[PDB]
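K.L.:
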Amino acid sequence: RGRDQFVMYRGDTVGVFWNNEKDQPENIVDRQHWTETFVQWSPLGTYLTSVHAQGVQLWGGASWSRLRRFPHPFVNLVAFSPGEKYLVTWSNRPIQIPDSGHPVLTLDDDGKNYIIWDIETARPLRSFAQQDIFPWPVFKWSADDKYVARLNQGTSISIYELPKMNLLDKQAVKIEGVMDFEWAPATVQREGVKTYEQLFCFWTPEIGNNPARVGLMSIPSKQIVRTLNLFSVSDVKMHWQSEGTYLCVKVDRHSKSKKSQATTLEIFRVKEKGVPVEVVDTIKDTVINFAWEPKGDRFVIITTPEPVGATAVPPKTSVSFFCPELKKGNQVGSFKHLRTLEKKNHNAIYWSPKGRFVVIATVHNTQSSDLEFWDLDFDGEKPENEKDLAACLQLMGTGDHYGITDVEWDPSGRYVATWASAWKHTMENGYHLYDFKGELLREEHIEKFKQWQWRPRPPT
Ligand SMILES: [Cl-]
Ligand SMILES: [Cl-]
Ligand SMILES: [Cl-]
Ligand SMILES: [Cl-]
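Residue numbers (the authors' numbering): 166 to 298, 312 to 638.
1. For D430 and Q439, I'd like the C-alpha separation in whole angstroms.
2. For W587, which of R635, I284, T254 has the nearest alpha-carbon?
3. In the structure shown, what three-state DSSP assignment does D323 receive?
4. Kindly list the residues whose CB is nearer than 7 Å to the CB of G422, restricted to its own chain and excluding five residues on each side of it in sequence; keep chain order.
5. For a quick check, are the C-beta atoms of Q170 and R633 less than 8 Å apart?
6. Does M395 pass the burial test, meaning 16 or more other C-beta atoms within 10 Å, or should it be called exposed?
7. Looking at C-beta atoms only, is the number of pairs between the stretch 499-510 and the stretch 554-572 that lie closer than 8 Å three or more?
8. Answer yes or no: do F468 and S530 have a C-beta to C-beta separation smaller than 8 Å?
9. Would you identify the three-state DSSP class for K628, choosing helix, strand or coil?
10. Between which two residues does the beta strand (DSSP E) holding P502 run?
11. Just to confirm, is the Cβ distance from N607 to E625 under 8 Å?
12. Quick one: is the Cβ of residue 309 within less than 7 Å of any heavy atom of ligand 4?
13. In chain order, what residues of the same chain lie with their CB nearer than 6 Å to the CB of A350, ignoring the 5 residues before and after it?
14. Measure from the alpha carbon of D283 to the alpha carbon of each residue in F312, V253, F293, then state which is nearest.
15. Going by DSSP, what residue range makes up the beta strand (DSSP E) through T442?
16. Does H198 pass the burial test, meaning 16 or more other C-beta atoms within 10 Å, or should it be called exposed?
17. Distance, Cα to Cα, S230 vs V194?
18. Which stretch, first to last residue, makes up the beta strand (DSSP E) that contains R633?
19. Whole beta strand (DSSP E) runs in the stretch 358-403 with 3 or more residues, listed along the chain?
20. Could you tell me how far apart the beta carbons of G220 and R234 are, in whole angstroms, since I believe they sit closer than 8 Å?
21. Measuring only from the beta carbon, is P637 closer than 7 Å to any heavy atom that is part of ligand 5?
22. Where does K348 sit, in a helix, a strand or coil, going by DSSP?
23. Taking the alpha-carbon positions, what's the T464 to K436 distance?
24. Runs of 3 residues minimum, wholly inside the stretch 450-528: which ones carry the beta strand (DSSP E) assignment?
25. Under three-state DSSP, which class holds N278?
26. With three or more C-beta pairs closer than 8 Å as the rule, is the stretch 516-524 touching the stretch 548-565?
27. Helix, strand or coil for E421? Go by DSSP, reduced to three states.
28. Under 8 Å by Cβ, that's how I've got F239 and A218 pegged, so tell me the actual separation to the nearest angstrom.
29. Please find out if some non-hydrogen atom of ligand 1 comes closer than 7 Å to the beta-carbon of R168.
30. Taking C-beta to C-beta, are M416 and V403 nearer than 8 Å?
31. Kindly list the residues whose CB is nearer than 8 Å to the CB of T540, restricted to its own chain and excluding five residues on each side of it in sequence; keep chain order.
32. Determine the extent of the beta strand (DSSP E) in which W206 is found, giving its start and end residues.
33. Below 8 Å between beta carbons: does that hold for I397 and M343?
34. In chain order, what residues have a CB nearer than 6 Å to some heavy atom of ligand 2?
35. With 16 as the cutoff for other CB atoms within 10 Å, does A598 come out buried or exposed?
36. Based on the DSSP output, what are the partners of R231 in its beta bridges?
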């Protein structure tokens, strides 16, 4: 059938189900109190993760039997390395080790919040305490599970090499003023580089007589392969493309008056010689959403103007598409504005994992629930003003879901699930099942629907 599994957690019961489109989901399993607080899928779909006060547990196999156990007390957040080789557990409450003894941890782990585990052996590799002075993950992974890093804001970036979890060159990367950083989501083959490397971007604000900058570092050489100096900058956001082909930096800027001014989008061509940087566009309003097309070269933003009165009426939002120009040959033209939609309340972007199709949504709002299903490679005639661009934008269908909180695409990019979680509000928990086109296949009301989550499937 080529169906996909998914999990739903309602009340105190969680179950793995087959997908039957409009027909009722076939149930592989259902259990009561499988988890205490939440349920999370392993990124390659191998494990189902349950969380308890004592520990976090990994369920899997045809039997759906226990596979691994990680005795971290009172975990709130859990993350995996991209290749499922390692596990990261976090607790807001610092670990308290009993004098009686802990079956795995020791006094060295007391007062700490993070633990990094080796899944295969279930043994803890390192323990870390909370930083001096919400976001997740904090420990960020390289694409190949070889490096994991944490930001020491204003000072350095501590990079560790696995499986030993040893500090690289017995030193943290000194970067004065470093505000944030992101690894590339893939192992990038830059042109002409024969050596192994992993890439991450970072940024610093203005320091003394040096301007604010965005950097691109190669690990483990720790060489900076490209710097980009920026001016009049309020804040910087760094957005990697899925293959690591492109890196877009969003820059919040200001006037000499230091009033809010404009936002600039600039793009790195990471694979190309010299690492060229291009100035895409400068936009007046603030950006509240940004999303690259997975495995593609298209991205969407959602903007909203600045409020002066903090007025009762919600701000309307504008969604804009950007795509590269058509270019003769196996190359990609310069990034250009494609189209801006009419003002509306949208505030969420959900690209398909395949990346042709994107769902523009309106979630966590009481005034509107609208859903839009768009195609970027529609078999149609491009309008005159958008004719040179490498895209054919077309609305494939609309939909709605009252009190919607979340949406998730299926791995195959054929189905879109939306749901109202009990975690945010209890008024009308439900899940909708759509296809890519936006046709409502089925919906269902569950009294205490906590979460839907597709089971990830890596391409064979
Ligand atoms: Cl099947
Ligand atoms: Cl952003
Ligand atoms: Cl987003
Ligand atoms: Cl697939």
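All C-beta atoms in this analysis are idealised placements derived from N, C-alpha and C, irrespective of residue type, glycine included.
P.N.:
Put simply:
1. 8 Å
2. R635
3. coil
4. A362, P363, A364, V366, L377, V448
5. yes
6. buried
7. yes
8. no
9. strand
10. 496-502
11. yes
12. Residues lacking coordinates in the chain include everything strictly between 298 and 312, among them residue 309.
13. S334, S336
14. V253
15. 438-447
16. exposed
17. 11 Å
18. Counting along the chain, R633 falls outside any beta strand (DSSP E), and DSSP gives it neither H nor E.
19. 358-361, 376-382, 390-397
20. 6 Å
21. The ligand content of the structure shown is limited to ligand 1, ligand 2, ligand 3 and ligand 4, which means ligand 5 is not among them.
22. helix
23. 15 Å
24. 455-461, 464-470, 477-482, 496-502, 513-518
25. coil
26. yes
27. coil
28. 6 Å
29. yes
30. no
31. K522, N523, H524, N525, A526, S546, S547, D548, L549, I582
32. 204-206
33. no
34. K415, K428, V465, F468
35. buried
36. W224
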